[PDB]
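# Summary of structural features
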Amino acid sequence: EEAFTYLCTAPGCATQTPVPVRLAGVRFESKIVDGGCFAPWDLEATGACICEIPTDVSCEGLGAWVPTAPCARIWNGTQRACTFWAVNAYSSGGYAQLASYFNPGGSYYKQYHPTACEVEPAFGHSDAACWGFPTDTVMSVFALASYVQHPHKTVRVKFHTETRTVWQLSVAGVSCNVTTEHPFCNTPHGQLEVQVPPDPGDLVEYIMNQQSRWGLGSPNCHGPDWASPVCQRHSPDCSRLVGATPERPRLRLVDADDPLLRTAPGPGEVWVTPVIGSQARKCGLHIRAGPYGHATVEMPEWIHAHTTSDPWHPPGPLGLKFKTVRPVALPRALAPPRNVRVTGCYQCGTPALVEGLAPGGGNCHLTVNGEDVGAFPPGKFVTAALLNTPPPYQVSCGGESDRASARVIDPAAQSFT
């Protein structure tokens with residue numbers, strides 16, 4: 001009979017007439033675009049207030065004052081910046097330690113004491129933090145900052161394009177997976193056409209390491225999801241950085257009573273302030289850093305509030321159109337395709353070229369590692385298909401499979417091509 005009924009999209013939803021249709025589940029199909037690794041831009045800073053004029057401005061050379069683990073970690077960070085300021089130099093003796101060796105840029109000091117850091121005079125700054133010197137007060141300040149990639153904050157991200165909500169149905173015990181692309185089901189003596197809502201558009205898959213969390217959109221870096229790691233540090237191969245990068249941090253020596261401290265540092269700015277020591281010939285350092293994007297990202301907290309456990313789908317219901325019509329059975333070729341060549345990339349967003357020869361006896365319903373790439377009449381075929389699976393490629397027309405020739409690169413290799 002020609003019939004109509006609405007089927008809800010929740011677990012337990014089922015209709016009984018004219019033929020029972022049960023909502024078995026909800027899943028999704030897509031064309032994956034693997035972006036690799038993403039992380040927030042984490043400005044990390046360290047340093048030391050030193051009551052001496054050190055001759056080796058490095059983590060090892062400053063080991064007696066600079067915290068060990070933060071120095072080593074920040075030194076290996078992205079867009080490293082470091083400055084060594086001479087507040088009060090040697091009045092006599094020493095080795096390239098007099099005030100004259102601290103010209104702007106510190107080239108005279110660097111000639112005898114090489115360093116990857118900037119060297120600057122700071123003679124008009126307060127030297128009060130360094131006390132207990134009977135004849136010659138000596139004081140220097142070291143600051144080190146970079147964008148450190150924290151492993152606990154790094155997320156693997158897969159963009160989902162051409163998203164198709166899969167409404168898994170059971171029509172009188174027979175499995176039927178309906179989408180906007182394939183909305184028809186066979187019923188005991190007719191055909192069921194399922195009216196489905198539109199697809200949800202692009203999805204963002206945040207891979208926690210293994211758990212997947214879901215975002216709906218591109219994402220939108222201009223809205224509430226602005227702090228997404230996707231909007232920040234991008235590493236396609238989870239090793240090398242690409243695209244947009246902040247400038248090297250701007251380090252400043254700021255005295256405790258400087259009016260500048262009444263304001264907050266800007267993004268990427270690092271202000272260091274010497275703290276008067278409780279011990280003779282020793283001092284502390286107070287560091288004020290302006291994080292990128294005006295805030296520090298707390299990854300488990302961001303993920304929990306800005307993502308869902310499952311991909312989003314519209315509320316429904318589904319329109320079940322029951323028809324007495326039966327589809328015209330076309331002859332299908334079951335023999336595997338011949339001389340199949342696959343060229344390009346997979347999970348990259350650029351359709352790969354699939355070419356070969358479809359065999360006789362009907363249309364070849366071509367699959368590339370189980371992925372449907374369309375049906376082709378017998379003879380030579382050429383198609384541009386978005387592939388989700390890596391090589392080797394098993395090609396079939398619905399029956400037996402054959403190994404295709406492939407020149408296909410991974411998403412990370414595509415990003416560097």
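Calculation criteria
- Residues numbered from 1 in each chain as written, not as in the entry; some residues may be left out.
- Heavy atoms only, no water.
- Residues with missing side-chain atoms left out of burial classes, pairs and counts.
- Pairing = 2+ DSSP bridges.
- Helix = DSSP H or I, 4+ residues; strand = E, 2+ residues; numbered from the N terminus.
- Axes fitted to C-alpha atoms, helices over the stretch in contact; angles between N-to-C directions.
- UniProt positions renumbered as here; feature names shortened; annotations may be inferred.
- Buried < 20%, exposed > 50% of the residue type's maximum accessible area, 1.4 Å probe, protein only.
- Contact = heavy atoms within 4.5 Å.
- Disulfide = S-S within 2.5 Å.
- Right-handed = clockwise from strand over helix to strand, strands pointing away.
- Core = buried A, V, L, I, M, F, W, Y, C linked by side-chain atoms within 4.5 Å.
- Arc of directions from axis to C-beta.
- 1 Å grid on protein atoms, 1.4 Å probe; cavity = no way out; pocket = protein on both sides within 12 Å on 5 of 7 lines; lining within 4 Å.
- Points joined across faces, edges and corners; volume = space filled by probe spheres on them.
- Nonpolar A, V, L, I, M, F, W, Y, C, P; charged D, E, K, R; others polar.
- Domains from an automatic or database assignment.

Its PDB header names cryo-EM as the technique used to obtain the model and reports a resolution of 11.1 Å.

Let us now look at the sheet that holds strand β24 (residues 394-396). An order of β22-β21-β24-β25 is seen for the four strands of this open sheet, with the pairing classed as antiparallel. Strands with a single pairing partner mark the edges of an open sheet, and in this sheet they are β22 (371-376) and β25 (401-403). Shown here is a sheet whose adjacent strand axes are inclined to one another by a mean of 25°, direction ignored.

Summarizing the sequence annotation, UniProt attributes the feature "binding site: Ca(2+)" to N88, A89, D136 and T137 in the numbering used throughout. These annotated residues cover 50 residues of sequence, and their C-alpha atoms all fall within 9.0 Å of one another, placing them together at a single site. By the element assignment, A89 lies in the loop between β5 (78-88) and α2 (107-112). For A89, a relative accessible area of 6% puts it in the buried group. Excluding anything up to four places from it in sequence, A89 contacts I53, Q97, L98, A99, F102, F123, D136, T137 and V138.

Here we come to the state of the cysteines. Here the structure, examined in full by the defined rule, presents ten disulfides. One disulfide bridge connects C8 with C13, the sulfur atoms lying 2.0 Å from each other. The chirality of the disulfide connecting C8 with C13 is left-handed, given an S-S dihedral of about -110°. When its relative accessible area of 39% is taken as the criterion, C8 is described as partly exposed. Linked covalently through their sulfurs, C37 and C238 form a disulfide whose S-S length is 2.0 Å. Residues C37 and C238 are joined by a disulfide whose S-S torsion is about 90°; by sign, that bridge is right-handed. Note on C37: relative accessible area 7%, which makes it buried. Look at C238 and you get partly exposed, because its relative accessible area is 39%.

So, about the environment of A10. Relative to the helices and strands, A10 is located in the loop between β1 (3-7) and β2 (14-15). Residue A10 is classed as partly exposed on the basis of its relative accessible area of 37%. Separated by 13 residues in the primary sequence, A10 and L23 place their C-alpha atoms 7.4 Å from one another.

In this section: the pairing of β5. The element β5 is extensively covered by neighbouring structure, given that eight of its eleven residues are classed as buried. Examined bridge by bridge, β5 and strand β7 (residues 139-147) share eight bridges and lie antiparallel to one another. Bridge pairing in β7 places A86 opposite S140. Sheet topology note: the β5/strand β6 (residues 118-121) ladder contains four bridges and is parallel. If you follow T83 over to β6, its bridge partner there is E118. With respect to chirality, the unit in which β5 leads through α2 into the neighbouring parallel β6 is right-handed.

Counting 42 residues, the largest nonpolar core has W85, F102 and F142 as its most contacted members. Of all the secondary-structure elements, those providing two or more residues to this core are β4 (43-50), α1 (68-75), β5, β7, β15 (250-253) and β16 (269-276). Here this core gets seven residues from one element, more than from any other, and that element is β7. Sequence-distant contacts of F102, defined by excluding residues within four places in its chain, comprise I53, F84, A86, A89, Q97, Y109, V119, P121 and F123. Core analysis: the next-biggest nonpolar cluster, separate from the first, contains 19 residues, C364, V368, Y393 and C397 among them.

Here the focus is α1. Listed in full, the buried residues belonging to α1 are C71, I74 and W75. All buried residues of α1 project into a common sector of 100° when viewed along the axis, lining one side. Structurally, α1 contributes buried residues whose contacts are with β4, β5 and β7.

One open sheet accounts for four strands, arranged β1-β18-β11-β10; its pairing is antiparallel. Looking at the sheet topology across the chains shown, the edges are occupied by β1 and β10 (184-187). Within this sheet the neighbouring strands show an average axis-to-axis angle of 25°, counted without direction. As defined by bridge partners, strand β11 (residues 190-195) adjoins strand β18 (residues 318-323) across five bridges and the pair is classed as antiparallel. Its bridge partner being in β18, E193 is matched across the sheet by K321.

Of the pockets and cavities examined, the largest pocket occupies roughly 730 Å³. Around the largest pocket, the lining comprises 19 residues; the ones closest to its centre are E29, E181, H182, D372 and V373. Contributing elements (two or more residues each) for the lining of the largest pocket: β3 (21-39), β8 (155-171), β21 (364-368) and β22. Classifying every residue of the lining of the largest pocket by side-chain character gives six nonpolar, six polar and seven charged.

Our focus in this paragraph is unusual backbone geometry. Following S218, the chain continues into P219 via a peptide bond in cis, with omega recorded as 5°. Looking at the secondary structure, you find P219 in the loop between β13 (211-216) and β14 (233-235). Here the residue pair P391 and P392 is connected by a cis peptide bond, since its omega of 0° sits within 30 degrees of zero. Of note, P392 is situated in the loop between β23 (379-385) and β24.

Structurally, the chain comprises domain 1 (2-30 + 164-198 + 315-327), domain 2 (31-40 + 150-163 + 199-243 + 296-314), domain 3 (41-149 + 244-295) and domain 4 (333-417). When each unit is reduced to the centre of its C-alpha atoms, the spacing between domain 1 and domain 3 is 68 Å.

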